[PDB]
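Colleague: take a look and give me a structure for this.
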Amino acid sequence: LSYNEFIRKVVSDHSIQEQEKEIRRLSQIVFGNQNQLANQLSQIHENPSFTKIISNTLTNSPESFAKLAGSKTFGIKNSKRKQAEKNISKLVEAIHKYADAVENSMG
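Modeller: Residues are numbered from 1 along each chain as shown. There you are, the coordinates:
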């Protein structure tokens with residue numbers, strides 16, 4: 001309702017939106033579905049304290065959520081699979097940034 005408040009909201013809204021976009025881009029690479037983690041994102045949005053649990057699973061057991069993009073044949077990962085794996089770290093970071101932005105907007 002105040003000018004400074006409106007500015008803070010604009011910036012806050014913006015950082016949320018930019019992370020959502022990057023999460024979609026990275027999810028496409030990791031899982032082949034830019035909305036693969038829609039459930040988890042809305043869960044985090046509702047309660048950002050769930051971010052640690054979800055992030056740990058993504059880091060250590062990503063195929064709990066879905067099969068990774070690409071394939072692995074007799075232990076040999078093709079190029080799509082290698083790119084999927086190499087983007088998990090940045091997907092986790094984007095989810096942490098999203099959670100931080102949501103957590104900050106709440107106050």
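
Colleague: my read: residue 62 touches residue 26, true?
Modeller: No. Between residue 62 and residue 26 there is no contact under C-beta atoms under 8 Å: 11.6 Å. The way it works is simple: take the backbone N, C-alpha and C, and place the C-beta from them, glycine included.

Colleague: what about these two, which has more around it?
Modeller: When neighbours are counted by other C-beta atoms under 10 Å, residue 62 and residue 26 differ, and residue 26 comes out ahead with 23 against 19.

Colleague: the more buried one reaches residue 90, doesn't it?
Modeller: Yes. Judged on C-beta under 8 Å, residue 26 makes contact with residue 90 at a distance of 5.8 Å.

Colleague: neighbouring contacts of stretch 63-73?
Modeller: 29-33, 36-37, 40, 57-58, 62, 77-85 (C-beta atoms under 8 Å, 6 or more residues apart in numbering).

Colleague: any of the residues you listed buried? List them.
Modeller: 29, 30, 31, 36, 37, 40, 58, 62, 81, 84, 85 (16 or more other C-beta atoms under 10 Å).

Colleague: put together CSV for those residues, with distance to residue 18 and secondary structure on each row.
Modeller: Below are the buried ones among the contacts of stretch 63-73 laid out as CSV (distance: C-beta to C-beta, whole Å; DSSP: H, G, I helix; E, B strand; the rest coil):
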residue, distance to residue 18, secondary structure
29, 17, helix
30, 18, helix
31, 20, helix
36, 19, coil
37, 17, coil
40, 18, helix
58, 20, helix
62, 23, helix
81, 28, helix
84, 22, helix
85, 24, helix
